[PDB]
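A short reminder: the numbers here are calculations on the coordinates, not readings from a lab. Ideal geometry is used to build each Cβ from the backbone, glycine not excepted, and the neighbour counts take in all protein chains shown.
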Amino acid sequence: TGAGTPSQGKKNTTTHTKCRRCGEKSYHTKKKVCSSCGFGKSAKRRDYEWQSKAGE
Amino acid sequence: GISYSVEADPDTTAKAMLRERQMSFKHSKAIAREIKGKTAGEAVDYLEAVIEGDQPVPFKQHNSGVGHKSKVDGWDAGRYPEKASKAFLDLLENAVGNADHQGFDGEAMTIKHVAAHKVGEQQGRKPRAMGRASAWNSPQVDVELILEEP
Amino acid sequence: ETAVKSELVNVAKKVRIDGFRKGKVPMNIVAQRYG
Amino acid sequence: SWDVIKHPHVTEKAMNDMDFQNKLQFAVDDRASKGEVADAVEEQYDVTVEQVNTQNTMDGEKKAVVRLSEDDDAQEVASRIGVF
Amino acid sequence: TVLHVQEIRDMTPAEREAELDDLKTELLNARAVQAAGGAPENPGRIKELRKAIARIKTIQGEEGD
Amino acid sequence: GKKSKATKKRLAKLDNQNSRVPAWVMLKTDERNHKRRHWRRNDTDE
RNA sequence: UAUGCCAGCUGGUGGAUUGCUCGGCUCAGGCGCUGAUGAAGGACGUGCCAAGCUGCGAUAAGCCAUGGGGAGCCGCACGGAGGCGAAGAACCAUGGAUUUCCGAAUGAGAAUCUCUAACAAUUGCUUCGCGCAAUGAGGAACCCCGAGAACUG
RNA sequence: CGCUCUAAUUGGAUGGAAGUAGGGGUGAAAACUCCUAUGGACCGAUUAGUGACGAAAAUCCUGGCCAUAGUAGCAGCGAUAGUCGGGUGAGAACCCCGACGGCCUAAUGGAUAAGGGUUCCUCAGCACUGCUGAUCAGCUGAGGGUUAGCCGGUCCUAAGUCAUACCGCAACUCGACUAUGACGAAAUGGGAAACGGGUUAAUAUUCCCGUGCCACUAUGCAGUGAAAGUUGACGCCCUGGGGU
RNA sequence: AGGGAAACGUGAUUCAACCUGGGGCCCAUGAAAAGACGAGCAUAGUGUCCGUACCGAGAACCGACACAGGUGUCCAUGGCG
Ligand SMILES: [Cl-]
Ligand SMILES: [Cl-]
Ligand SMILES: [Cl-]
Ligand SMILES: [Mg+2]
Ligand SMILES: [Mg+2]
Ligand SMILES: [Mg+2]
Ligand SMILES: [Mg+2]
Ligand SMILES: [Mg+2]
Ligand SMILES: [Mg+2]
Ligand SMILES: [Mg+2]
Ligand SMILES: [Mg+2]
Ligand SMILES: [Mg+2]
Ligand SMILES: [Mg+2]
Ligand SMILES: [Mg+2]
Ligand SMILES: [Mg+2]
Ligand SMILES: [Mg+2]
Ligand SMILES: [Mg+2]
Ligand SMILES: [Mg+2]
Ligand SMILES: [Mg+2]
Ligand code: NA
Ligand code: NA
Ligand code: NA
Ligand code: NA
Ligand code: NA
Ligand code: NA
Ligand code: NA
Ligand code: NA
Ligand code: NA
Ligand code: NA
Ligand code: NA
Ligand code: NA
Ligand code: NA
């Protein structure tokens, strides 16, 4: 059963959603953790120095 | 859009145009080339006939794969562009209308000048295999007509 | 019957007002008047 | 502080619910419970509200179908409430 | 407009609340008229009503009710 | 799929934002609603 | 002389060029903390008609006071209707009012809703009663203490 | 030689600059200059400076455009389907009515889960979308529609998850255990209660008519028993009986 | 009561559902908790909140497309054969 098109069918699961904390559709209602802000995981705003070039 | 690429004397001339029409630009040339020098009337009766399928239009340029026609004089390939022909009848009905309203005898006037110009395409996309899409546009045509007292 | 509203009555049949389907309008909702 | 009754819902079905069933349709603030819906409607218009049905519209507002008592008349009440 | 600040301060905590529930209602009766596709409107006031009520509430604050 | 009050409220706004730029505005600005979303061609969040 | 080749002329297509700049880029001086008296951020609202933005917050493109200001005005937005202003508005400065929900998020739960009185948790003081307080998060980089690569040479 | 901008000196321009198109002259040449049309507002020369400074080439980047071509596809699938009259309409091979002729029968029928998100109904349209056309539409524009004590959610607990504590960790938004709390099932787990009829353009065990049921609370009478036990509460195969 | 233009039947066989039993198997032994019952009756009051439109597919979901693909449950008792 091809991994392409065919395997696209079962894809009717809901996971990522409008995070209550940020407003991005990154709240993984399964893990209840915001891949974008860290809500549910960290009380601090998820952020990284690599979300931007080294000297910027 | 275009503009009359030909100087016309208002005292003895009648103008008319078509704008951004969606028809085959390739048919338009043929028909034009074919109805030039004709009498507005002979011009109509001609198109009407074309539409009917009794009179064919000589496809001298864009003839690829076209089937030869017996009624074509001096040439071989030809078809019957109806849609285009209709659009052309309108162009004339206005051309002949404008004339009459100025006092001229429309029908009796000669087609001093007529020419189709591709004013652009109405872009469209066509899904293709392997998940790619290829252009799929519609031609947008303009065309001029200039009648003159015989 | 109405010489003051026959021109108001014979409107309800061709008013198409917001919220109401053609002709099914309460006349006093068609209480909007001009002229 | 927010107010309950936002305004009268006037559409065909609305009227029919008034004419034939003696109910009045309003648009209320969604945090309003059916009960709160009642009391408010009774206080603003001087009527006895028997039943209140509520629906959270696809409009973001709440609709309320409030039936009065056979003693009161929506058609009449509706006259005093703008509408007519 | 029709209702000036001065006039609001020349009211009693009662008069304000009374004048308040009065505007609140002229407001409601406008939103009603408007909700019914009514044209006997005058947008210049349904706006003022809000403002008016604003002020009044504003005074109630300052005066300590 | 079962939606929630909060959700419904949003689908609602969404639907609201999906209306055209009113004619009167066109004249008031002497001269497009970029946020136009079709129910099939587009995908809303959540 | 069809089909047709080369150059041009009239029109088109196209958006180069020139001119322009309500934006950028870099430098320099000044200045520099915010948050449980609940921020920063987000959600949803808020206009006569109002979809985007901005502003605002159910007192919703706004309320009050003092100073400035001036015949004009009702944001971007040059519509239609109506309205506000010498009871001196618009507009500007400062001070104040209001300031929905989610949000450190702190009564408890939850994709911005909901369930039956709240400093949740951790502390200090302690009338040992959360009574009086603290921490919690944000911020362009800068700063301090720790953990600490490899490509490459 | 030519390009940008700065400086000094010095000039041109709405009695029309730059740029552009065609045309004349000079220089070996990079290139300079003039004329005509256009344009409709800036433009130079010398010297000294400046530099994101001169391309035909990189399967170069971005944009535009030609031939290809009125060509390939709109046939191929055990679902080959239409036809004749007629309605509307500016326009009808494919929008609607009638007949005749077919297609689908675990599905091309009925009810749903997820998911979608208003795609539903009505009116008005056809510049867009619709493998042709469209007077049609899941298209566009304007209005409207989802009404529940007894259908679900809500509650419960399942694998398992989180939060707080405790401990670890340089440290945490990290980490196993142990406690306490909470979370975890909308077809398809367990689960207090509703049936039939009627009604709309669209809702319906939700609204209306009739009839019935459940829980809590209060008042009144009965009861003093009420906590043990029973139920919830369950594998696979074969099979008898009852029965709509 | 309702529904039907009207008649508004009676018996029968085979009988999904639903009820209730017997038997066999396992180096497989086939949840839990809330809740109900145990523990009556009359009258009255209360029953808030959230979902409730439509598709559910060779056009309304995933596959960039009104994509010959993919996608779960119930109707497995419509006639002949
Ligand atoms: Cl072409
Ligand atoms: Cl349900
Ligand atoms: Cl037996
Ligand atoms: Mg793979
Ligand atoms: Mg051929
Ligand atoms: Mg694909
Ligand atoms: Mg409800
Ligand atoms: Mg909380
Ligand atoms: Mg000099
Ligand atoms: Mg070929
Ligand atoms: Mg056949
Ligand atoms: Mg809509
Ligand atoms: Mg439809
Ligand atoms: Mg229609
Ligand atoms: Mg639970
Ligand atoms: Mg069940
Ligand atoms: Mg339906
Ligand atoms: Mg339904
Ligand atoms: Mg199809
Ligand atoms: Na040729
Ligand atoms: Na011949
Ligand atoms: Na011939
Ligand atoms: Na409204
Ligand atoms: Na979609
Ligand atoms: Na500063
Ligand atoms: Na707006
Ligand atoms: Na503020
Ligand atoms: Na505190
Ligand atoms: Na304490
Ligand atoms: Na360069
Ligand atoms: Na068709
Ligand atoms: Na059979």
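So how do D:56-69, A:18-31 stack up, highest first, on mean other-Cβ count within 10 Å? Before the final figure, lay out each step's value.
Working: D:56-69: 17.9, A:18-31: 16.1.
Sorting D:56-69, A:18-31 by mean packing, highest first, produces D:56-69, A:18-31.
May I ask you to list the chymotrypsin sites (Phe, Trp or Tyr not before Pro) in the range B:83-150 that are in a DSSP loop and have at most 15 other Cβ atoms within 10 Å of their Cβ? Intermediate values should be presented prior to the final figure.
On the way: sites: B:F88, B:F104, B:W136; in loops: B:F104, B:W136.
Loop-located and lightly packed - B:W136.
With contacts defined as alpha carbon pairs under 8 Å and 6 or more residues apart, what's the relative contact order of chain D in percent?
Values: 139 pairs, mean separation 26.7, N = 84.
Dividing the mean separation by the residue count of chain D yields 32 percent.
Helix E:13-35: angle to the longest alpha-carbon principal axis of chain E, degrees 0 to 90, nearest 10?
Relative to chain E, helix E:13-35 is tipped by roughly 10 degrees.
With 10 angstrom as the radius, rank D:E50, E:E62 by how many other C-beta atoms surround their C-beta, starting from the fewest. Please list the in-between numbers first.
Values: D:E50 14, E:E62 8.
Lowest count first: E:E62, D:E50.
Which cross-chain or sequence-distant (5 or more) residues have an amide H under 5 Å from the amide H of B:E121, H modelled 1.01 Å from N in plane?
For B:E121, whose amide H was placed from the backbone, the distant partners under 5 Å are B:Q140.
Which of D:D17, D:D29, D:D46 moves the most in a Gaussian network model of chain D with Cα springs under 10 Å?
Highest fluctuation of the listed residues: D:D46.
Just want the ordering: E:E15, C:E7, A:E56, from fewest to most Cβ atoms lying within 10 Å of their own Cβ.
Ranking E:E15, C:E7, A:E56 by Cβ neighbours within 10 Å, fewest first, gives A:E56, C:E7, E:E15.
Once phi is turned into θ = phi - 60°, what whole-Hz ³J(HN,Hα) does the Karplus curve with 6.51, -1.76 and 1.60 give for every residue of the range B:57-63, x standing for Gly and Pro?
10, x, 8, 7, 9, 8, 9
Taking amide H positions as placed 1.01 Å from N in the peptide plane, with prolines and chain starts having none, which residues 5 or more places from B:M23, or on another chain, fall under 5 Å of its amide H?
B:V141
Read phi for every residue in the range C:20-33 and hand back ³J(HN,Hα) as whole Hz from Karplus 6.51 cos²θ - 1.76 cosθ + 1.60, θ = phi - 60°, with x for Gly and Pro.
For the range C:20-33, the Karplus-derived couplings read 10, 6, 2, x, 9, 10, x, 4, 7, 9, 8, 5, 6, 9 Hz, x marking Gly and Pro.
How large is log10 of I(q)/I(0) for chain F at q = 0.13, 0.19, 0.24 Å⁻¹ when the intensity is taken from the Debye formula with one equal scatterer per alpha-carbon?
Log-scaled intensity ratios, in q order: -0.42, -0.71, -0.92.
For every helix of n ≥ 4 consecutive DSSP H residues, a contribution of -39,500 (n - 2.57) applies; sum these over the protein assembly as shown, divide by its total residues, and give [θ] at 222 nm rounded to the nearest 500 deg cm²/dmol. Intermediate results must be reported in sequence, preceding the final value.
On the way: 12 runs with 143 residues, N = 436.
Rounded to the nearest 500, the figure is -10000 deg cm²/dmol.
For D:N56, which sequence-distant residues (separation of 5 or more, or a different chain) have an amide H within less than 5 Å of its own amide H, given hydrogens modelled in the peptide plane?
D:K63
In whole Å, what is the distance between the alpha-carbon centres of chain A and the range C:1-18?
Result: 60 Å between the Cα centres.
Mind checking Rg over Rh on the range B:17-96, alpha carbons, Kirkwood formula for Rh? Could you put the intermediate results ahead of the total?
Working: Rg = 12.0 Å, Rh = 12.7 Å.
Looking at the range B:17-96, the ratio lands at 0.95.
What are the semi-axes of the equivalent ellipsoid for chain B, taken as the square roots of 5 times the Cα gyration tensor eigenvalues, largest first, in whole Å? Please list the in-between numbers first.
On the way: eigenvalues 182, 82, 27 Å².
Calculated on Cα positions only, the semi-axes equal 30, 20, 12 Å.
What does the average come to when, for each residue of peptide D:6-14, you count the partner chain Cβ atoms lying within 10 Å of its Cβ? List each step's numbers first, then the result.
Values: counts 4, 10, 7, 3, 10, 6, 7, 3, 4.
What the average comes to for D:6-14 is 6.
Evaluate the relative contact order of chain B (contact order divided by residue number), counting alpha-carbon pairs under 8 angstrom at least 6 apart; express in whole percent. The partial results should precede the final answer.
On the way: 286 pairs, mean separation 54.1, N = 150.
Reported relative contact order: 36 percent.
Which whole number gives the average, over all residues in E:34-43, of C-beta atoms from other chains lying within 10 Å of the residue C-beta? It would help to have the intermediate numbers written out before the result.
On the way: counts 2, 12, 17, 8, 6, 3, 4, 0, 0, 0.
If you average over the peptide's residues, the count of other-chain Cβ atoms is 5.
Once phi is turned into ³J(HN,Hα) by the Karplus curve 6.51 cos²θ - 1.76 cosθ + 1.60 with θ = phi - 60°, what whole-Hz value does each residue of the range F:14-19 show in order, with x for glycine and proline?
Couplings: 2, 4, 5, 4, 7, 9 Hz.
Divide, for the protein assembly as shown, the radius of gyration over alpha carbons by 2.2 N^0.38 Å, where N is the residue count.
Values: Rg = 35.3 Å, N = 436, 2.2 N^0.38 = 22.2 Å.
Against the empirical 2.2 N^0.38 Å value, I get 1.59 for the protein assembly as shown.
Calculate how steeply helix D:34-45 sits against the longest principal axis of the alpha-carbon atoms of chain D, using the helix alpha-carbon long axis, and give the answer as 0 to 90 degrees to the nearest 10.
Between helix and principal axis, roughly 50 degrees.
I'd like the chymotrypsin sites (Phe, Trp or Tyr not before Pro) in the range D:1-68 restricted to DSSP loop residues with at most 11 other Cβ atoms within 10 Å, sorted by number.
Working: sites: D:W2, D:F20, D:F26, D:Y45; in loops: D:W2, D:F20.
Sparse-neighbourhood loop chymotrypsin sites (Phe, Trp or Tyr not before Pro): D:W2, D:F20.
Rounded to the nearest 10 degrees, what's the angle between the helix B:82-102 long axis and the longest principal axis of chain B, both from Cα atoms, 0 to 90?
The two axes meet at around 20 degrees.
Give me the one-decimal nm value for the distance between modelled label points at A:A54 and C:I17, 7 Å along each residue's Cα-to-Cβ direction.
Simple spin-label model gives 7.4 nm for this pair.
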